[PDB]
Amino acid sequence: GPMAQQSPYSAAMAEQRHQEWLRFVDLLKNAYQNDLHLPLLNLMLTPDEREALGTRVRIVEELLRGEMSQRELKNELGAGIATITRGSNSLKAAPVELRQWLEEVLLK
């Protein structure tokens, strides 16, 4: 039995809600071009919904600075041990004349 994936009612109401969302995105796009975006957003949204969107922008900003500041901390800490291992390896491969000279001038 090849069962139908969805009903004809759900398929029609899915395309309807799809076209209604596209009409809104297109309506808001031309509003930004016709400089009517600010009054249109007041018609589409309540004052509380506008405050919610303004705070969500600050939420995703503080979430990005939270991930980025620790991403730079994970890279700065990881690169910190990289210069130490490079310093240890380059010190072993250094010639004897340079090594014994560094022990004399750096360690008095």
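The numbering used is simple: start at 1 and walk along the sequence shown.
Which is higher on average in the deposited entry, the C-alpha temperature factors of 67-75 or of 45-53? The deposited B-factors put 67-75 ahead on the C-alpha mean.
Name the residue from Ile81, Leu38, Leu27, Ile59 with the greatest C-alpha temperature factor listed in the entry. So the option with the highest C-alpha B-factor is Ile81.
Taking only the Cα B-factors deposited for this chain, tell me whether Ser10 sits in the lowest, middle or highest third. CA B-factor rank for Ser10: highest third.
How does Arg17 rank on Cα B-factor within its chain, lowest, middle or highest third? Top third by C-alpha B-factor.
Would you please rank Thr85 by its C-alpha temperature factor against the other modelled residues of its chain and give the third it falls in: lowest, middle or highest? Middle third by C-alpha B-factor.
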